[PDB]
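FYI, the numbering just counts along the sequence from 1. Whatever order the structure lists them in is the order used to number ligands and atoms, beginning at 1. What's counted below: heavy atoms across the whole structure, side chains too, no hydrogens, waters or symmetry copies.
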Amino acid sequence: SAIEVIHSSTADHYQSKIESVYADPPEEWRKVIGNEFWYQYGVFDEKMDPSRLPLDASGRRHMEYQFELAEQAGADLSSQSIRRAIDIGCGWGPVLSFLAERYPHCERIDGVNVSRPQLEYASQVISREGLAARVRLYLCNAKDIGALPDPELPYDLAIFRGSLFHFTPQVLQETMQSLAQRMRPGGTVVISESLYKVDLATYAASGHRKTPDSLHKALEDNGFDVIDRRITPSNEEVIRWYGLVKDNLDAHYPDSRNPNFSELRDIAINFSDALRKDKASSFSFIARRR
Ligand SMILES: Nc1ncnc2c1ncn2[C@@H]1O[C@H](CSCC[C@H](N)C(=O)O)[C@@H](O)[C@H]1O
């Protein structure tokens, strides 16, 4: 199906590296991360659907839980407040379908991604679910969201679901500044990211480690209030999530043919140990535009 292209004024030297980690067919990825392709951890509580694959169910439940945190923290998330939404680093597109279902009167849902294979998959799912009129896909670096069409229609809602970690500090700055200009006051930003809880001096395009404080500063420097900040999911749940991903890799990619899946196994093992030692956590950040 159709994807719109958006100019890159500045040069993200890191972009082609990020693209290569997501370049493999969705048909392969399905066997590793589940049939809905959620790719930023899971919440494994009593509201999780027991009939879907744990990765699909825990992934959806994680997104739902973040909206509950945003709501409790006083985010403007009523059905009448969300007319335009953006999914920044949208992966295979599960959040686009989630947003379309949760906000059936949301006029415009923009997904931005640098991975063509991921967007071509998302395009097929959006097309087959009949959401093509509302959901728009952009082959577009997060730093270039300033050039997305119809600037007169402001963003009410922005999602950074495990995409932020791939950004250079410069791309993070350019993305947050551009989002600030395109988002109306009281617009909600929903962030999930793996952040380090130690000084980074001591240290899958997994470079550009960040901290809660580094992310907090990037938000407040670019006209966003942080209204909720906490560990989510728990280190225990994230280790469990990596466990399920590793079990799928052991089953389907035992002899580590594919370098991207070998790299993911390494991160699953190595980052799970960092989570065990409490050197890092998954964090939910809810912010709003000033
Ligand atoms: N500068 C950038 N601009 C756009 N997308 C980016 C980006 N850096 C990383 N990404 C994207 O961020 C995603 C990280 S994986 C997470 C995918 C999706 N948010 C989910 O929760 O399932 C990938 O799709 C990657 O291509």
Side-chain angles (χ1 to χ4, degrees), residues 3-24 26 29-30 32-43 55-56 58-67 85-99 109-123 125 137-148 157-179 189-194 204-208 210 218 232-233 238 241 245 260 263-264 267 271 282 284:
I3 297 106
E4 193 178 328
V5 179
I6 303 293
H7 64 78
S8 182
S9 209
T10 60
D12 185 19
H13 286 279
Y14 205 58
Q15 186 172 302
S16 61
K17 223 132 84 111
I18 295 160
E19 287 185 48
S20 51
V21 347
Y22 300 111
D24 297 307
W29 271 104
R30 198 164 73 73
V32 179
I33 64 165
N35 293 314
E36 291 178 39
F37 297 79
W38 298 91
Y39 202 48
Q40 183 57 17
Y41 307 149
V43 169
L55 287 172
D56 289 327
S58 69
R60 171 176 309 273
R61 178 52 194 151
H62 181 202
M63 185 80 278
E64 288 170 358
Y65 183 64
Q66 284 208 278
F67 273 91
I86 183 164
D87 181 8
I88 305 172
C90 64
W92 290 277
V95 168
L96 300 170
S97 289
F98 177 89
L99 283 180
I109 302 166
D110 298 324
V112 318
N113 198 346
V114 290
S115 174
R116 186 185 186 166
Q118 282 187 330
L119 280 177
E120 276 172 348
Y121 182 75
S123 97
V125 170
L137 300 176
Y138 297 96
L139 199 59
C140 183
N141 195 301
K143 76 189 176 48
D144 295 314
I145 59 168
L148 287 173
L157 177 61
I159 316 294
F160 299 83
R161 200 183 177 269
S163 54
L164 204 134
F165 86 98
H166 282 301
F167 298 176
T168 61
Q170 186 63 38
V171 164
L172 178 56
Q173 168 58 42
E174 287 185 24
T175 300
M176 288 304 180
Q177 177 246 18
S178 289
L179 182 59
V189 182
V190 185
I191 301 156
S192 189
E193 204 45 88
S194 307
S206 176
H208 311 110
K210 302 180 175 52
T232 285
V238 178
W241 186 94
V245 171
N260 288 320
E263 201 153 312
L264 177 57
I267 295 173
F271 190 63
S282 182
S284 181

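- When the ring pair (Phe, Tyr, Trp, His ring centres under 6.0 Å) test is applied to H62, no partner is found at least two apart in sequence or on another chain.
- There is no side-chain donor-acceptor pair under 3.5 Å between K143 and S178.
- We find that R60 and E36 are joined by a salt bridge, their nearest charged nitrogen and carboxylate oxygen being less than 4.0 Å apart.
- Side-chain atoms of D24 and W29, non-hydrogen and from C-beta on, do get closer than 4.5 Å to each other.
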Starting from the N and O atoms of ligand 1, find every protein N or O within less than 3.5 Å and list the pair with its distance.
{"unit_1": "ligand 1", "atom_1": "1 (N)", "unit_2": "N141", "atom_2": "OD1", "d": "3.0"}
{"unit_1": "ligand 1", "atom_1": "3 (N)", "unit_2": "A142", "atom_2": "N", "d": "2.9"}
{"unit_1": "ligand 1", "atom_1": "19 (N)", "unit_2": "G89", "atom_2": "O", "d": "2.8"}
{"unit_1": "ligand 1", "atom_1": "19 (N)", "unit_2": "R161", "atom_2": "O", "d": "2.7"}
{"unit_1": "ligand 1", "atom_1": "21 (O)", "unit_2": "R161", "atom_2": "O", "d": "3.2"}
{"unit_1": "ligand 1", "atom_1": "21 (O)", "unit_2": "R161", "atom_2": "NH1", "d": "2.8"}
{"unit_1": "ligand 1", "atom_1": "22 (O)", "unit_2": "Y39", "atom_2": "N", "d": "2.9"}
{"unit_1": "ligand 1", "atom_1": "24 (O)", "unit_2": "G91", "atom_2": "N", "d": "3.3"}
{"unit_1": "ligand 1", "atom_1": "24 (O)", "unit_2": "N113", "atom_2": "OD1", "d": "3.3"}
{"unit_1": "ligand 1", "atom_1": "24 (O)", "unit_2": "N113", "atom_2": "ND2", "d": "3.4"}
{"unit_1": "ligand 1", "atom_1": "24 (O)", "unit_2": "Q118", "atom_2": "OE1", "d": "2.5"}
{"unit_1": "ligand 1", "atom_1": "26 (O)", "unit_2": "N113", "atom_2": "OD1", "d": "2.8"}

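- Residue pairs meeting the salt bridge (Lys or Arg N to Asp or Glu O under 4.0 Å) criterion with at least one member in residues 7-16, sequence neighbours excluded, do not occur.
- Considering only residues two or more places apart in sequence or on other chains, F37 meets the ring pair (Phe, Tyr, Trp, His ring centres under 6.0 Å) condition with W92, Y121.
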